[PDB]
Amino acid sequence: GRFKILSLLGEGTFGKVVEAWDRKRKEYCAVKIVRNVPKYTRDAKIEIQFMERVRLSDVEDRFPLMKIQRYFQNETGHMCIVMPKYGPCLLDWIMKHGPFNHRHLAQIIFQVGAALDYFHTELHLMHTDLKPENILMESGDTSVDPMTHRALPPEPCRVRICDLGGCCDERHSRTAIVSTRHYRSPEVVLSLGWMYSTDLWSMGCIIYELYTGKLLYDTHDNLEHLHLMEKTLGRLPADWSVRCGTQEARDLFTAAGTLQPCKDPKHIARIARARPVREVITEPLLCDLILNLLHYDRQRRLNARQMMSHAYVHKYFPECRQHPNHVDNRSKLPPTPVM
Ligand SMILES: */C(=C\C(=O)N1CCCC[C@@H](n2c(NC(=O)c3ccnc(C)c3)nc3cccc(C)c32)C1)CN(C)C
């Protein structure tokens with residue numbers, strides 16, 4: 001009727017993202033076509049609801065969050081979310097062109113930070129499912145570095161945070177399980193209590209992957225995940241065995257309170273095969289940024305404002321300080337979250 005399908009941009013379990021022509025509004029768009037199934041149709045209606053709350057408040061698109069244009073339920077019942085056409089996810093870039101250089105990484109960290117502190121302290125929502133697959137480049141345009149001849153992203157490297165289906169609020173289920181496991185914080189795994197700070201754990205795992213091209217935790221099992229945290233970051237806190245909130249979580253510890261060892265030969269090999277982030281990240285400011293996003297203490301862990309205001313971003317993205325989203329170029333902001 002109004003939207004004519006032009007391209008297939010991507011496909012998955014959720015459904016499809018297509019490029020479409022808006023006949024009444026005279027432009028190209030991306031349309032998310034959700035599979036016409038009761039659980040996804042309702043999670044689309046919930047996902048839609050978080051999307052109108054972002055635009056209606058940020059009416060002049062100050063933060064790099066996705067901005068819905070329109071939506072409808074098709075004549076075949078598929079939920080259809082009309083949005084601007086953005087580019088490919090960060091995962092697509094790192095796999096074709098490799099990791100970003102310090103400047104574009106700093107620019108990416110700045111933008112996601114600005115969006116996340118707006119999410120956390122202005123809307124009081126958590127994303128809970130941030131991953132390189134749903135951080136999209138604003139544009140798919142490419143430039144060539146004259147010295148290295150390698151591909152450079154647009155300057156600045158604008159990105160957009162997507163996939164608001166899993167957004168949570170300030171009294172989500174306390175033992176609720178959030179995040180894709182690769183980017184799932186330990187507080188969620190063992191049900192110790194989680195809030196905004198779990199989005200910052202995911203940023204730590206994403207920033208590691210954007211810089212190394214490798215997942216920090218390529219794991220499918222809670223206990224192997226926890227040993228990898230121990231080998232990449234240091235000992236798990238001693239009190240953790242008394243505070244887990246579900247039976248499943250506490251049975252990963254001794255009667256004494258230490259981690260039970262894995263002996264699946266696949267998990268013994270992988271932990272032996274992981275090396276500490278501190279030896280992989282040679283840049284000391286980038287290392288400190290990643291390590292304190294992966295802090296076991298949810299309150300000493302960096303918040304979104306500290307991440308975007310980190311010394312690493314100030315060194316490699318110095319024009320950070322002339323951006324209208326820089327903290328000192330804004331009025332006094334709501335207080336940052338406590339954990
Ligand atoms: C990377 C996944 C990825 O790049 N995308 C996730 C959804 C699939 C389509 C893809 N894509 C878009 N999408 C959008 O503009 C858009 C806007 C709003 N919401 C969504 C969900 C998507 N536009 C594109 C232009 C060029 C290339 C691509 C791929 C593209 C975004 C993971 N890899 C597929 C492995």
Side-chain angles (χ1 to χ4, degrees), residues 46-68 106-130 134-135 138 156 158-174 176 178-179 183 185 187-188 192-207 288-290 292-314 317 319-339:
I46 292 169
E47 179 179 33
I48 297 172
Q49 282 187 0
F50 291 121
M51 289 163 68
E52 305 108 339
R53 176 178 184 186
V54 187
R55 193 97 152 101
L56 276 155
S57 51
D58 178 26
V59 307
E60 309 161 315
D61 193 275
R62 174 175 198 167
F63 306 100
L65 296 157
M66 169 205 245
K67 299 300 167 44
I68 184 173
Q107 285 180 343
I108 289 180
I109 290 162
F110 178 81
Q111 301 172 74
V112 177
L116 273 177
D117 206 67
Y118 167 80
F119 223 58
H120 294 172
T121 49
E122 296 268 10
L123 304 186
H124 272 91
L125 300 164
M126 283 90 45
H127 190 286
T128 77
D129 196 67
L130 291 160
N134 57 30
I135 309 301
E138 173 106 5
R158 283 180 170 93
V159 299
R160 290 275 183 188
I161 295 190
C162 287
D163 274 1
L164 301 195
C167 282
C168 279
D169 79 60
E170 281 193 76
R171 215 153 222 186
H172 53 77
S173 167
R174 176 212 167 188
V178 278
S179 315
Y183 310 100
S185 55
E187 53 259 54
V188 175
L192 301 319
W194 59 268
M195 275 297 162
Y196 306 99
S197 182
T198 205
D199 284 351
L200 283 309
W201 179 276
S202 324
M203 277 319 296
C205 292
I206 292 172
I207 290 167
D288 177 75
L289 180 42
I290 287 171
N292 289 295
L293 282 162
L294 302 165
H295 208 291
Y296 290 142
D297 192 321
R298 309 176 26 213
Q299 300 177 66
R300 310 205 138 120
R301 185 187 299 157
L302 302 174
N303 56 48
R305 197 169 306 161
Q306 297 168 305
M307 180 177 79
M308 74 175 286
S309 324
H310 195 275
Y312 172 84
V313 182
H314 281 113
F317 181 28
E319 300 87 354
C320 155
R321 295 173 257 188
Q322 280 77 54
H323 196 282
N325 274 353
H326 188 289
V327 180
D328 290 330
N329 283 329
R330 304 195 53 194
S331 59
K332 173 121 144 195
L333 309 169
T336 51
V338 51
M339 89 187 57

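The first residue in the sequence is number 1, and the count goes up from there. Heavy atoms only: backbone and side chains are in, while hydrogens, waters and symmetry mates are out.
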Notebook entry, point to check: Of all residues at least two apart in sequence or in a different chain, which pass the side chain to side chain donor-acceptor pair (under 3.5 Å) check with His295?
Noted result: none

Next item on the list: Could you note down all residue pairs passing salt bridge (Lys or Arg N to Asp or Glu O under 4.0 Å) where residues 107-116 supplies at least one of them, sequence neighbours left out?
Entry: none

Next item on the list: Sequence neighbours left out, what passes ring-ring contact (aromatic ring centres under 6.0 Å, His included) with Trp201? Give chain and number order.
Entry: none

Next item on the list: List for me each residue that meets side chain to side chain donor-acceptor pair (under 3.5 Å) alongside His310, sequence neighbours excluded, and say none if there are none.
Entry: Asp288

Next item on the list: Not counting sequence neighbours, list each pair that qualifies as a salt bridge (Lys or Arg N to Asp or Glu O under 4.0 Å) and has a residue in residues 192-205.
Entry: none

Next item on the list: Sequence neighbours left out, what passes side-chain contact (heavy atoms from CB on, under 4.5 Å) with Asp163? Give chain and number order.
Entry: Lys32, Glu47, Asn134

Item checked: With sequence neighbours excluded, residues passing side chain to side chain donor-acceptor pair (under 3.5 Å) with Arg321 -> none

Checklist line | For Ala311, all residues meeting side-chain contact (heavy atoms from CB on, under 4.5 Å), sequence neighbours excluded | finding: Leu285

Next item on the list: Not counting sequence neighbours, which residues clear side chain to side chain donor-acceptor pair (under 3.5 Å) with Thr128? List them please.
Entry: none

Next item on the list: Enumerate the residue pairs fulfilling salt bridge (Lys or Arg N to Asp or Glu O under 4.0 Å) with a member in residues 328-337, sequence neighbours excluded, ordered by first and then second residue.
Entry: none

Check: Under the salt bridge (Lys or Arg N to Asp or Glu O under 4.0 Å) rule, what pairs show up with a residue in residues 113-122, not counting sequence neighbours?
Finding: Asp117-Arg305

Note to self: Once side-chain contact (heavy atoms from CB on, under 4.5 Å) is applied, do any residues pair with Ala106, and if so which ones, sequence neighbours excluded?
What the structure shows: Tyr312, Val313, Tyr316, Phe317

